[PDB]
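Given as structure tokens, the chain that follows is alone and in the form deposited in one PDB entry.
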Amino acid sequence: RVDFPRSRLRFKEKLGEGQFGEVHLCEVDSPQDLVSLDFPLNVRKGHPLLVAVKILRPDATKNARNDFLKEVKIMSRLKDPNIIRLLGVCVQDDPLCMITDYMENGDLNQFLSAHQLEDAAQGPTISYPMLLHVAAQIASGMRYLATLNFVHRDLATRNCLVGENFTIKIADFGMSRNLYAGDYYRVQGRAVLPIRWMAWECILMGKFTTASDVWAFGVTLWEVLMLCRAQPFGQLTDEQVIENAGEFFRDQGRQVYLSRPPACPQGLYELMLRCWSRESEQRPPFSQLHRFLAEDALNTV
């Protein structure tokens, strides 16, 4: 438990900005000097060590600082191939920083927007099996979060990151990266919520659980199979999305569901529909979602 040396973080560019600070892409100066029990980092000789750095504005309120430190504690526990990894912190003096691995292909929404489905769309291709592999990795990371008794609360392709060889890491940007403002609705005062990804019980009663994470996974998987080309419920206004949550509650058959993506087979679609069951206990666990995507869907190509 010692700070990473801030003087070794060499700025390259801004990855995001928000009310309370920024995210920077940095290079670690001569990273081999640091390798030890205290910092057992992975350096590849001949390859720069790139890292992402979340930084709190030095004039932040005391409550903002407590938020940042709480996030540090959470991140310090996360150790999984499909979750973003904490490499070090700077917290003994200001500005507070947290340092993670850098995912070189950006967020999953950006990534998939730039791809087309393997045979006018443009750019590099991505196959249907590769899309199942992207989704399986998200289910695997979420399964791990759930076993540690964490609820994500904002699962969407915008909070997933892409590294080498189609590797996905779940992340959560909170207010550090004010992209995608069009995905959040202002329900009260200064509070904005990702209503198009939220289970009806989240919207009506502010109840967030692994089962509402499963509901958001359904929507995220719909995004993946659509190659991020369309907003969920894009035919409906925000106020109509809220009304739709009310119809899940009323349960009289007026509720509407996201349509089957063209690249989605009927069984996978029926699994997505189960993610949107009215009753929490009827939604599939992430173990079952992962298995379906890694086995069933693959064996029936």
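Each residue number is its position in the shown sequence, starting from 1.
The next section is about a form of this same protein that is not shown, the form deposited in another entry.
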Hinge pick from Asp238, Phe166, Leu86, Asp183, given that two rigid parts rotate relative to each other between the shown form and the other one:
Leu86
Where do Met175 and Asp238 end up in that other deposited form, Cα atoms closer or farther than shown, with a change of 3 Å or more?
closer
Against the displayed form, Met175 vs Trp222 by Cα, in that other deposited form, with 3 angstroms or more change: pair is closer
